[PDB]
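This report concerns only the one structure given below.
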Number of protein chains: 2
Amino acid sequence: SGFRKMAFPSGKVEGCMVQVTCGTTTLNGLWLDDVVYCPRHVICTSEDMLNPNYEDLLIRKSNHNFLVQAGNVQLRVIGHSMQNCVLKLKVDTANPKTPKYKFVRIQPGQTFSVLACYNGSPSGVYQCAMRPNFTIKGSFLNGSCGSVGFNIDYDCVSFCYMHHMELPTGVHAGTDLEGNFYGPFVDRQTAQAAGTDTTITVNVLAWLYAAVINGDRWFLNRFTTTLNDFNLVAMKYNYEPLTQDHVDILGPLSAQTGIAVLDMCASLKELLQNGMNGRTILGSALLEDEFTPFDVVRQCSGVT
Amino acid sequence: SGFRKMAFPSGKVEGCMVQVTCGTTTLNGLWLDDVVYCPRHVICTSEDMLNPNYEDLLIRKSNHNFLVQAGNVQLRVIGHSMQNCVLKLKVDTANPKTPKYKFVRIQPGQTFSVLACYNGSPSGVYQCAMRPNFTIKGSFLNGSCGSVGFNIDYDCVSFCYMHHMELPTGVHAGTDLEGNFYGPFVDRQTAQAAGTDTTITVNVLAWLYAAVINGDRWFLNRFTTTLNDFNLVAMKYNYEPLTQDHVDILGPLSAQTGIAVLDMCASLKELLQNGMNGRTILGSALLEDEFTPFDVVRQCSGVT
Ligand SMILES: CCNc1ccc(C#N)cn1
Ligand SMILES: CCNc1ccc(C#N)cn1
């Protein structure tokens with residue numbers, strides 16, 4: 001019993017973190033096979049970040065201008081290329097700790113673990129979700145860029161995020177490992193406001209299922225609803241609209257608790273219209289939306 | 001910016017997890033140098049757990065009765081001893097991934113990371129605190145016993161917890177790595193009620209400091225208080241009494257924000273007497289107490 005915000009074990013990713021230094025700027029890189037991936041803004045001065053032309057700045061950068069350190073050993077850079085907003089440094093040594101891996105671009109509402117790193121050294125691991133406005137709410141200080149987000153299926157790491165920047169509102173933006181930003185963000189020291197940070201309804205419902213399984217049952221109500229009726233309430237409270245695809249995904253949790261998805265919706269409707277009233281669910285006074293239905297099943301079944 | 005419930009990177013501990021099987025019971029063990037540590041209840045049938053005599057049950061157990069598997073390789077057990085509530089299986093192979101380590105017995109209110117494991121395989125990592133009633137609120141399914149709690153200082157793992165059991169209220173009890181339970185709990189299938197789960201006041205204050213640093217400032221009030229006045233309110237709200245030792249520990253956070261510890265107390269006093277009023281602090285609608293002053297400094301300074 002018990003239900004925790006749980007990250008994936010980090011060791012497989014720890015074995016891939018390196019330090020990348022281009023002149024004055026140090027951040028983190030991800031070393032898989034014989035390529036190191038890092039944010040392309042490692043080539044910039046603070047002055048360059050105002051309106052950078054990355055292809056222009058890169059003309060002045062040679063293989064020997066990219067210092068890569070793995071632990072306290074130097075790697076030899078034998079090629080480099082830009083791909084969207086990331087650099088790919090080819091090194092002459094395959095990472096001998098390279099796990100099975102994939103690069104995946106996640107959808108908003110999907111969760112992942114972040115291995116926060118500084119100078120190529122792991123500091124901590126936490127669980128994030130891709131918000132509906134394509135920001136994440138992380139914990140990143142100066143030097144954390146190039147820290148990565150990932151999911152693990154048994155022994156395969158699916159890397160889904162690389163950290164690039166902090167908006168003036170202190171939320172976070174980054175790229176997939178092809179270097180494409182999530183959302184509309186750009187790697188420049190310019191005005192970038194995030195859109196509405198709506199609540200990930202399907203994840204809230206998953207977590208309510210997680211709750212009931214753990215006996216935290218007080219919020220269960222005598223009502224049902226319909227998708228359309230629920231969505232009128234969702235829209236009012238800045239929740240994502242629930243679709244039948246979300247209902248289908250919650251099916252296994254419905255099947256476990258014998259609480260029909262629309263019943264759990266009608267109960268969420270009451271939590272939204274009446275608040276917790278100083279009560280808590282799984283140790284939270286707000287409705288938690290950074291567990292996916294898959295996360296709830298995984299944690300409640302003890303997948304390794 | 002941003003402030004997350006962060007676990008230590010888990011790889012150093014991942015490299016120490018093994019599966020221990022004694023007849024029908026499988027759980028996890030911790031392999032350091034040439035000893036595997038596990039809960040002594042691995043020797044018991046479900047029937048044995050009603051009123052077990054561990055020294056009596058152990059007479060019937062020889063070295064070859066303890067199956068230890070590290071990945072998919074068997075370890076040869078060349079000795080075993082009981083120490084309090086843990087078994088120590090001597091194996092003929094030093095764990096080649098043994099990190100620098102210590103065994104520490106933590107105090108209530110101290111936080112640690114848990115590497116939840118099943119069949120010797122890591123499933124997830126999360127941050128816990130030793131509660132004032134010597135329980136932890138974990139996420140542990142059947143098979144998770146022998147999962148460990150730890151802190152890391154640079155490259156030294158301080159192991160502080162091994163998971164043994166779940167109370168009927170679904171909170172968790174375990175031992176240090178000398179096999180001594182935290183709190184009054186015993187490894188038996190018997191009535192064990194936890195005491196008052198009071199709030200760890202010094203940790204709440206640390207987290208309020210973490211908040212102000214991140215600009216989440218609305219709760220800052222025009223008041224100060226005294227330790228004695230604050231403690232009258234603490235006692236009412238089932239908070240731990242604040243001592244000068246706690247004030248001393250919060251000194252560095254006081255020094256950063258220019259908010260005197262007693263000012264932050266007077267502000268906590270108002271959050272306690274008036275609630276959040278539907279407002280949030282660092283994404284929480286309750287006052288978070290599983291960050292220590294050390295955690296806040298560590299996370300806010302990016303220690304690796
Ligand atoms: C002056 C530093 N400002 C920065 C740094 C990195 C990024 C990105 N991506 C944007 N602005
Ligand atoms: C029937 C299983 N019940 C158990 C198992 C482990 C412990 C401990 N420690 C207590 N009860």
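Just follow the structure's listing: the first ligand is 1, and inside any ligand the first atom is 1. In what follows, chains are A, B, ... by sequence order, proteins preceding strands, each numbered from 1.
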With the threshold set at 4.0 Å, does a side-chain nitrogen-carboxylate oxygen contact exist between B:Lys5 and A:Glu290?
no
Quick one: do A:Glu178 and A:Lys88 make a salt bridge, cutoff under 4.0 Å?
no
Checking the N or O distance criterion of under 3.5 Å, is ligand 2 in contact with B:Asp187?
no
Polar contacts were defined as any N/O atom of the residue lying under 3.5 Å from an N/O atom of the ligand; does this apply to B:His41 and ligand 2?
yes
In the protein, what heavy atom is nearest to atom 7 (C) of ligand 2, and what distance, to one decimal place, separates them?
B:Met49 CE, 3.5 Å
Where is the nearest protein heavy atom to atom 1 (C) of ligand 2: which residue, which atom, and how far?
B:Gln189 OE1, 3.9 Å
Test applied, ring-ring contact (aromatic ring centres under 6.0 Å, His included); reference residue, B:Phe112; option that passes from B:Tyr182, B:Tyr161, B:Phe150:
B:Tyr161
Quick check: does any side chain N or O of A:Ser62 sit under 3.5 Å from a backbone N or O of A:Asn65, one acting as donor and the other as acceptor?
no
One residue to check: A:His164. Relative to ligand 1, which of side chain, backbone, both or neither has a non-hydrogen atom less than 4.0 Å away?
both
The atoms of ligand 1 lying under 4.0 Å from a heavy atom of A:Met165, numbered in the order shown, are 7 (C), 8 (C), 9 (N)
Close side-chain approach of B:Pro108 to B:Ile200, heavy-atom, < 4.5 Å
no
